[PDB]
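Listing of protein25.txt, compact mmCIF, C-alpha atoms and all ligand atoms
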# COMPACT_ATOMS: atom_id res chain seq x y z
CA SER A 1 67.17 55.78 165.09
CA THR A 2 65.93 59.37 165.12
CA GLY A 3 67.15 62.82 164.17
CA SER A 4 66.24 66.34 165.26
CA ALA A 5 67.44 69.60 163.69
CA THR A 6 66.51 73.24 164.16
CA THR A 7 65.23 75.13 161.12
CA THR A 8 65.67 78.91 160.97
CA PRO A 9 64.02 81.61 158.80
CA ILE A 10 66.42 83.10 156.26
CA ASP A 11 65.13 86.66 156.77
CA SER A 12 62.66 88.78 158.72
CA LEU A 13 59.75 87.73 156.47
CA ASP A 14 60.15 83.94 156.76
CA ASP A 15 60.77 83.76 153.00
CA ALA A 16 62.30 80.31 153.51
CA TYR A 17 63.83 78.17 156.22
CA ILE A 18 67.33 76.67 156.41
CA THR A 19 68.46 73.60 158.34
CA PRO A 20 72.10 72.56 158.88
CA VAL A 21 73.11 69.30 157.18
CA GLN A 22 76.42 67.44 157.53
CA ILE A 23 77.84 66.03 154.29
CA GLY A 24 80.99 63.96 153.85
CA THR A 25 83.98 62.98 155.96
CA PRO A 26 85.15 65.09 157.69
CA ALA A 27 81.76 66.76 157.89
CA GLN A 28 81.01 69.74 155.68
CA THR A 29 78.01 71.61 157.11
CA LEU A 30 75.69 73.27 154.58
CA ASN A 31 72.41 75.07 155.32
CA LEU A 32 69.74 73.48 153.15
CA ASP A 33 66.12 74.35 152.39
CA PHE A 34 64.07 71.27 153.34
CA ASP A 35 61.44 71.00 150.60
CA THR A 36 58.47 68.61 150.91
CA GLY A 37 57.49 69.62 147.37
CA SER A 38 60.55 68.23 145.58
CA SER A 39 62.78 65.17 145.73
CA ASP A 40 66.38 66.20 144.95
CA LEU A 41 69.13 66.85 147.52
CA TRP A 42 71.35 69.31 145.69
CA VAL A 43 74.11 71.64 146.86
CA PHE A 44 76.29 74.49 145.81
CA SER A 45 79.69 72.91 145.24
CA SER A 46 83.28 73.27 144.08
CA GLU A 47 81.83 72.47 140.63
CA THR A 48 79.35 75.38 140.55
CA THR A 49 80.14 78.02 137.93
CA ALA A 50 82.14 80.56 139.92
CA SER A 51 80.17 83.62 138.75
CA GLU A 52 77.00 81.94 140.07
CA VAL A 53 78.30 81.59 143.65
CA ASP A 54 77.83 84.68 145.84
CA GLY A 55 78.32 83.90 149.53
CA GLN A 56 77.00 80.32 149.74
CA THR A 57 78.89 77.58 151.50
CA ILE A 58 80.01 74.94 149.00
CA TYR A 59 80.41 71.18 149.20
CA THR A 60 83.83 70.04 147.95
CA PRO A 61 83.64 66.30 147.25
CA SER A 62 87.38 66.01 146.67
CA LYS A 63 87.85 66.81 150.39
CA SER A 64 85.49 64.02 151.51
CA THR A 65 87.02 60.58 151.99
CA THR A 66 83.56 58.99 151.66
CA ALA A 67 82.49 60.80 148.46
CA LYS A 68 82.18 58.77 145.27
CA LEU A 69 81.24 60.05 141.82
CA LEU A 70 78.02 58.41 140.65
CA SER A 71 79.38 57.78 137.19
CA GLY A 72 77.30 59.07 134.30
CA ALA A 73 74.55 60.50 136.49
CA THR A 74 73.20 64.01 135.88
CA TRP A 75 70.29 66.02 137.25
CA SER A 76 68.29 69.07 136.21
CA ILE A 77 65.35 70.63 138.02
CA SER A 78 63.07 73.66 137.77
CA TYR A 79 60.81 74.97 140.52
CA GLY A 80 57.44 76.70 140.58
CA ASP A 81 58.98 80.15 141.06
CA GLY A 82 60.89 79.85 137.77
CA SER A 83 64.26 79.00 139.32
CA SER A 84 66.41 76.04 138.27
CA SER A 85 69.68 74.19 138.80
CA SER A 86 71.55 71.23 137.31
CA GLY A 87 74.76 69.24 137.61
CA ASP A 88 76.33 65.86 138.35
CA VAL A 89 76.02 63.45 141.27
CA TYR A 90 78.09 62.02 144.12
CA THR A 91 77.15 59.60 146.84
CA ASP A 92 78.31 60.49 150.35
CA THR A 93 77.40 60.27 154.02
CA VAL A 94 74.68 62.75 154.99
CA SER A 95 73.54 63.47 158.54
CA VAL A 96 70.61 65.56 159.77
CA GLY A 97 70.27 66.27 163.45
CA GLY A 98 72.19 63.14 164.40
CA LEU A 99 70.52 60.77 161.87
CA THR A 100 72.99 59.39 159.32
CA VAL A 101 72.45 57.94 155.83
CA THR A 102 75.41 56.40 154.02
CA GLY A 103 75.41 56.35 150.23
CA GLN A 104 73.00 59.27 149.88
CA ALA A 105 72.87 60.88 146.43
CA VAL A 106 74.25 64.41 146.78
CA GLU A 107 73.56 66.30 143.58
CA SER A 108 76.35 68.80 142.90
CA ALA A 109 75.31 71.94 141.05
CA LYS A 110 77.27 72.94 137.99
CA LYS A 111 74.72 75.69 137.16
CA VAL A 112 72.14 77.56 139.23
CA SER A 113 69.71 80.27 138.18
CA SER A 114 69.97 83.88 139.29
CA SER A 115 67.58 83.69 142.24
CA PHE A 116 69.70 80.93 143.81
CA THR A 117 72.88 82.98 143.32
CA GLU A 118 71.13 85.96 144.90
CA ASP A 119 70.07 83.93 148.01
CA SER A 120 73.39 83.79 149.90
CA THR A 121 71.74 82.02 152.86
CA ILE A 122 70.58 78.90 150.98
CA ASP A 123 73.36 76.39 150.20
CA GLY A 124 71.02 73.93 148.44
CA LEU A 125 67.79 71.99 148.83
CA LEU A 126 66.92 68.73 150.59
CA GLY A 127 63.85 67.23 148.94
CA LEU A 128 61.27 65.38 151.04
CA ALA A 129 58.53 64.62 148.48
CA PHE A 130 58.29 61.11 147.03
CA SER A 131 61.33 59.68 145.28
CA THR A 132 59.34 59.22 142.04
CA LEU A 133 59.97 62.98 141.44
CA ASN A 134 63.77 62.71 141.74
CA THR A 135 65.42 64.07 138.58
CA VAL A 136 68.65 62.04 138.50
CA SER A 137 69.23 60.29 135.18
CA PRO A 138 69.70 57.58 134.04
CA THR A 139 69.25 55.98 137.49
CA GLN A 140 66.72 57.79 139.66
CA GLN A 141 67.81 58.30 143.28
CA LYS A 142 66.03 58.16 146.64
CA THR A 143 65.42 61.01 149.03
CA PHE A 144 67.13 61.27 152.40
CA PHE A 145 63.87 60.27 154.10
CA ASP A 146 63.35 57.26 151.81
CA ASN A 147 66.89 56.07 152.52
CA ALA A 148 66.55 56.59 156.28
CA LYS A 149 63.05 55.21 156.68
CA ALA A 150 63.81 51.57 157.45
CA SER A 151 66.22 52.60 160.23
CA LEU A 152 63.84 55.06 161.87
CA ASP A 153 61.96 54.21 165.06
CA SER A 154 58.77 55.19 163.19
CA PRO A 155 58.57 55.92 159.41
CA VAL A 156 57.75 59.62 159.82
CA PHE A 157 59.16 63.09 159.82
CA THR A 158 57.59 66.23 161.27
CA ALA A 159 57.73 69.90 160.34
CA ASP A 160 57.31 72.48 163.11
CA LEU A 161 58.07 75.79 161.41
CA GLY A 162 58.21 79.00 163.45
CA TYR A 163 56.65 82.38 162.75
CA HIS A 164 59.55 84.83 162.76
CA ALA A 165 61.36 82.29 164.96
CA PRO A 166 63.26 78.98 164.74
CA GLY A 167 61.48 75.64 164.61
CA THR A 168 62.25 71.94 164.22
CA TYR A 169 62.41 69.06 161.76
CA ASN A 170 62.28 65.67 163.50
CA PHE A 171 62.84 62.28 161.86
CA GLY A 172 61.59 59.01 163.27
CA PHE A 173 59.44 60.22 166.18
CA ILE A 174 56.55 62.49 167.12
CA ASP A 175 57.37 64.99 169.88
CA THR A 176 54.15 64.94 171.88
CA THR A 177 55.26 68.11 173.73
CA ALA A 178 55.36 70.14 170.48
CA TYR A 179 51.61 70.50 169.83
CA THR A 180 48.31 71.06 171.59
CA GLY A 181 45.27 68.82 171.41
CA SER A 182 45.38 65.82 169.07
CA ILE A 183 46.86 65.20 165.62
CA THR A 184 44.22 64.81 162.87
CA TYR A 185 45.36 62.51 160.08
CA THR A 186 44.09 62.80 156.53
CA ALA A 187 44.54 60.78 153.33
CA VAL A 188 47.36 61.40 150.85
CA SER A 189 47.57 60.71 147.13
CA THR A 190 51.09 59.99 145.92
CA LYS A 191 50.04 59.86 142.25
CA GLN A 192 51.73 63.20 141.42
CA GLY A 193 54.73 62.55 143.73
CA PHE A 194 53.60 65.10 146.31
CA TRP A 195 52.14 65.03 149.82
CA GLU A 196 48.77 65.75 148.20
CA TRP A 197 45.68 65.90 150.41
CA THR A 198 42.18 67.43 150.54
CA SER A 199 41.28 70.20 152.97
CA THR A 200 37.66 70.22 154.11
CA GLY A 201 37.12 73.99 153.85
CA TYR A 202 37.96 77.41 155.17
CA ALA A 203 36.91 80.46 157.16
CA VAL A 204 38.00 84.10 156.98
CA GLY A 205 38.51 85.81 160.34
CA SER A 206 35.57 85.19 162.65
CA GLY A 207 33.34 84.22 159.72
CA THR A 208 31.41 81.02 159.29
CA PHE A 209 33.29 77.99 158.05
CA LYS A 210 32.64 77.01 154.42
CA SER A 211 32.66 73.24 153.89
CA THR A 212 34.28 72.64 150.50
CA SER A 213 36.95 70.22 149.30
CA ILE A 214 40.28 71.85 148.40
CA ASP A 215 42.91 69.49 146.98
CA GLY A 216 46.47 70.67 147.47
CA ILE A 217 49.99 69.83 148.52
CA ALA A 218 51.84 70.27 151.80
CA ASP A 219 54.98 72.08 150.57
CA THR A 220 57.59 73.41 153.00
CA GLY A 221 59.61 74.74 150.04
CA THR A 222 56.90 77.21 148.95
CA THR A 223 56.67 80.40 151.00
CA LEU A 224 53.01 81.35 150.56
CA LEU A 225 49.53 79.80 150.64
CA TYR A 226 48.13 79.38 147.09
CA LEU A 227 44.40 78.63 146.92
CA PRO A 228 41.55 78.87 144.39
CA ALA A 229 40.66 82.34 143.19
CA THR A 230 37.22 82.19 144.82
CA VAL A 231 38.72 81.51 148.26
CA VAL A 232 41.44 84.13 147.87
CA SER A 233 38.94 86.79 146.74
CA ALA A 234 36.76 86.05 149.77
CA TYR A 235 39.77 86.56 152.05
CA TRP A 236 41.04 89.84 150.58
CA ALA A 237 37.52 91.28 150.34
CA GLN A 238 37.71 91.57 154.14
CA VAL A 239 40.76 93.89 153.97
CA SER A 240 40.06 97.55 153.17
CA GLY A 241 42.04 98.67 150.15
CA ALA A 242 43.29 95.21 149.16
CA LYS A 243 43.43 94.49 145.44
CA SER A 244 44.99 92.14 142.93
CA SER A 245 47.83 93.92 141.13
CA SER A 246 48.89 92.58 137.75
CA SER A 247 52.02 94.75 137.89
CA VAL A 248 53.12 93.40 141.26
CA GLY A 249 51.99 89.82 140.60
CA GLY A 250 49.30 89.20 143.21
CA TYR A 251 47.18 90.62 145.97
CA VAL A 252 48.56 93.66 147.79
CA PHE A 253 47.08 95.51 150.73
CA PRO A 254 47.77 98.69 152.72
CA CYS A 255 50.67 98.18 155.10
CA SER A 256 48.56 100.00 157.69
CA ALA A 257 46.03 97.12 157.79
CA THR A 258 45.67 94.52 160.52
CA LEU A 259 44.80 91.33 158.64
CA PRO A 260 42.10 88.78 159.53
CA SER A 261 43.04 85.20 160.31
CA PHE A 262 42.45 82.37 157.85
CA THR A 263 41.22 78.93 158.96
CA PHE A 264 41.63 75.73 156.95
CA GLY A 265 39.96 72.39 157.62
CA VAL A 266 41.71 69.07 158.21
CA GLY A 267 38.89 66.56 158.46
CA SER A 268 36.69 67.83 161.27
CA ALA A 269 39.59 69.78 162.77
CA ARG A 270 40.61 73.37 162.10
CA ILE A 271 44.01 75.11 161.78
CA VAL A 272 43.97 78.88 162.32
CA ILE A 273 46.58 81.02 160.54
CA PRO A 274 46.86 84.34 162.46
CA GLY A 275 46.50 87.45 160.35
CA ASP A 276 50.05 88.58 160.99
CA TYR A 277 51.36 85.42 159.28
CA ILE A 278 49.78 86.70 156.04
CA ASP A 279 51.77 90.00 155.96
CA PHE A 280 54.84 89.80 153.67
CA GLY A 281 55.78 93.44 154.00
CA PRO A 282 56.35 96.24 151.51
CA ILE A 283 56.32 95.34 147.83
CA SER A 284 59.50 97.41 147.44
CA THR A 285 61.63 99.11 150.03
CA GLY A 286 59.76 101.99 151.69
CA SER A 287 56.43 101.32 149.96
CA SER A 288 53.16 101.50 151.89
CA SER A 289 51.73 98.70 149.74
CA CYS A 290 52.34 95.28 151.29
CA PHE A 291 52.38 91.84 149.65
CA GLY A 292 49.81 89.26 150.72
CA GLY A 293 50.63 85.81 152.00
CA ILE A 294 47.51 84.21 150.51
CA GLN A 295 47.54 84.23 146.70
CA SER A 296 45.62 82.63 143.86
CA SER A 297 46.72 79.26 142.54
CA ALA A 298 45.01 79.99 139.22
CA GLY A 299 47.51 79.15 136.52
CA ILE A 300 49.69 77.02 138.83
CA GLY A 301 47.50 73.97 138.30
CA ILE A 302 47.64 72.92 141.96
CA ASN A 303 46.83 74.46 145.33
CA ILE A 304 49.85 74.80 147.63
CA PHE A 305 49.77 74.75 151.43
CA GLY A 306 53.16 76.45 151.76
CA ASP A 307 54.92 77.85 154.79
CA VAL A 308 52.19 80.41 155.59
CA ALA A 309 49.83 77.53 156.30
CA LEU A 310 52.25 74.91 157.60
CA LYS A 311 53.88 77.16 160.20
CA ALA A 312 50.50 77.50 161.94
CA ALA A 313 50.57 73.74 162.62
CA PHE A 314 52.62 70.79 163.78
CA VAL A 315 52.70 68.64 160.63
CA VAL A 316 53.34 64.89 160.45
CA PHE A 317 54.57 63.45 157.14
CA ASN A 318 53.72 59.79 157.71
CA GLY A 319 55.67 57.54 155.35
CA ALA A 320 54.04 54.28 156.40
CA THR A 321 53.06 51.80 153.70
CA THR A 322 50.00 53.95 153.04
CA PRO A 323 51.27 57.51 153.56
CA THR A 324 49.13 60.06 155.39
CA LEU A 325 49.48 63.60 156.70
CA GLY A 326 48.73 64.75 160.23
CA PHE A 327 48.03 68.27 161.47
CA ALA A 328 47.81 69.59 165.02
CA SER A 329 47.48 73.06 166.46
CA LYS A 330 50.41 74.33 168.52
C1 LIG A 401 64.02 82.14 145.07
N1 LIG A 401 64.18 81.08 144.04
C2 LIG A 401 65.28 80.14 144.34
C3 LIG A 401 64.86 79.31 145.51
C4 LIG A 401 65.13 79.34 146.82
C5 LIG A 401 64.49 78.24 147.41
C6 LIG A 401 63.86 77.60 146.41
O1 LIG A 401 63.22 76.41 146.33
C7 LIG A 401 61.89 76.38 145.91
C8 LIG A 401 61.25 77.52 145.45
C9 LIG A 401 59.90 77.43 145.18
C10 LIG A 401 59.26 76.23 145.37
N2 LIG A 401 59.87 75.12 145.79
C11 LIG A 401 61.18 75.20 146.04
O2 LIG A 401 64.04 78.23 145.23
Turn this file's structure into structure tokens for me.
Amino acid sequence: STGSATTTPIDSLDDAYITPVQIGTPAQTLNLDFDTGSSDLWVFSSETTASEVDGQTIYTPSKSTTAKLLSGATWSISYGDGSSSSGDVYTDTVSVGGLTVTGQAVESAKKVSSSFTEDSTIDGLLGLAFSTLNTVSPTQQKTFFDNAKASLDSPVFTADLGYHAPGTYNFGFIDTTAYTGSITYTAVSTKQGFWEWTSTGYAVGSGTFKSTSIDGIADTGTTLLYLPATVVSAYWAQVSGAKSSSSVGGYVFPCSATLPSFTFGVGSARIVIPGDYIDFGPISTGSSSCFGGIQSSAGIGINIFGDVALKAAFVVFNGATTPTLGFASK
């Protein structure tokens, strides 16, 4: 089997991407944030504290003839941006782009933090990291990909995120029309539960490429590109007036600037992020200071190849017996 679903930016900045997901019988369609950096499929629901729901579509398990309470199971998660959610667990039929999993754990939120409430466009998350990170207790649950894998034509999924435009998540096949050139595959460590890999270096604009190993994770659920302070300083030094602002929380730059590109290495290959992908717009409405899309990972403890980087590539998440990651230009 295979599946194919369109993923759409939530706003004009590409702050996140949402993909429609069918849950239950009859189908209830929710728009979920597919997150290769976490491993829980959780949704706003009829159980979510009412004051914490503000425009989201909810899953109502009592209206699904295939829903079953997973008795005694609870979940609780917190993300790198400080947000969190928790609740109880059902199993139900879940379909993505025509690919169906029966008995998928659907984690129903009883509580969500303020930034979830405030994001009316995101009805929940669909985790695509390794199932060892799943938070369900006392019986840990598998991701949608893990459950689907044996039925897929090939044990892969691909992320093809758009810049200010829709894109695609495919399961079970590689669309050879969706990229240019060849796909370069690189090793993955699953020891931390992430799609963790090592980039071979970087370049700023037209500058010479610096060969240096940068360990990090491929994370569709993180908006920006978080890299070591040395790398980030070298980038922003090329932008007149850019500076790190403690009050804003990162590098800012004049909105009047045209930004240089940023290149990252994948083995001997190179992925070029155009400068415009690095502009996240005014820090506050009407400001002429703009927020940068490349930020320091110092104090995160890991480098993160988030959407800024991934949307410059066609990315293969290869879940074969030894997982790997592939990147192609597009
Ligand atoms: C804006 N915070 C709530 C929210 C929306 C989407 C996500 O999910 C995230 C956020 C950061 C990293 N990984 C997943 O959180």
So the first atom is atom CA of residue 236 of chain A and the second is atom CA of residue 305 of chain A; what is the distance between them in Å, to one decimal place?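 Distance between the two atoms: 17.5 Å.
When all atoms listed in the file are used to compute distances to ligand LIG 401 (chain A), the closest of the residues A:328, A:218, A:187, A:67 turns out to be A:218.
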Could you list, as number ranges by chain, all the residues within 9 Å of ligand LIG 401 (chain A), counting all atoms listed in the file? A: 15-17, 33-38, 78-84, 112-119, 122, 124-125, 127, 219-223, 306
For residue 10 of chain A, which residue among A:76, A:158, A:120, A:48 is the nearest when counting only C-alpha atoms?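 Looking only at the distances to residue 10 of chain A, the closest residue turns out to be A:120.
Among the candidates A:101, A:70, A:32, A:313, the residue lying nearest to residue 123 of chain A is A:32 (atoms considered: only C-alpha atoms).
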Do a neighbour search on residue 279 of chain A at 7 Å with all atoms listed in the file, toss out local chain neighbours closer than 3 positions, and write the hits as a ChimeraX atom specification. /A:276,291-293
Mind filling out segment 29-40 of chain A with N, CA, C and O atoms and sending it as a short mmCIF file (atom, residue, chain, number, x, y, z; two decimals), keeping the file's coordinate frame?
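Result went into part08.cif, see below:
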data_model
loop_
_atom_site.label_atom_id
_atom_site.label_comp_id
_atom_site.auth_asym_id
_atom_site.auth_seq_id
_atom_site.Cartn_x
_atom_site.Cartn_y
_atom_site.Cartn_z
N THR A 29 79.36 71.21 156.72
CA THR A 29 78.01 71.61 157.11
C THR A 29 77.49 72.67 156.16
O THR A 29 78.11 73.74 156.00
N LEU A 30 76.38 72.36 155.49
CA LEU A 30 75.69 73.27 154.58
C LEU A 30 74.28 73.51 155.12
O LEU A 30 73.68 72.63 155.74
N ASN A 31 73.75 74.71 154.87
CA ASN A 31 72.41 75.07 155.32
C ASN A 31 71.45 74.90 154.15
O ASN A 31 71.49 75.66 153.18
N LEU A 32 70.61 73.87 154.25
CA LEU A 32 69.74 73.48 153.15
C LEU A 32 68.29 73.83 153.43
O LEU A 32 67.83 73.85 154.58
N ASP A 33 67.56 74.07 152.34
CA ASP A 33 66.12 74.35 152.39
C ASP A 33 65.39 73.02 152.24
O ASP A 33 65.41 72.41 151.17
N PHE A 34 64.80 72.54 153.34
CA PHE A 34 64.07 71.27 153.34
C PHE A 34 62.74 71.49 152.61
O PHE A 34 61.94 72.35 153.00
N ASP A 35 62.51 70.72 151.56
CA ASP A 35 61.44 71.00 150.60
C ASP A 35 60.56 69.77 150.40
O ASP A 35 60.91 68.88 149.63
N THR A 36 59.40 69.73 151.06
CA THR A 36 58.47 68.61 150.91
C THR A 36 57.73 68.61 149.57
O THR A 36 56.94 67.68 149.33
N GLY A 37 58.02 69.58 148.71
CA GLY A 37 57.49 69.62 147.37
C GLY A 37 58.45 69.22 146.27
O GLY A 37 58.11 69.35 145.09
N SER A 38 59.64 68.74 146.60
CA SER A 38 60.55 68.23 145.58
C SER A 38 61.37 67.10 146.19
O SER A 38 61.27 66.82 147.38
N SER A 39 62.20 66.46 145.34
CA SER A 39 62.78 65.17 145.73
C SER A 39 64.25 65.04 145.37
O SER A 39 64.76 63.91 145.28
N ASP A 40 64.95 66.17 145.22
CA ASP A 40 66.38 66.20 144.95
C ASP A 40 67.09 66.85 146.13
O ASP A 40 66.63 67.87 146.66
#
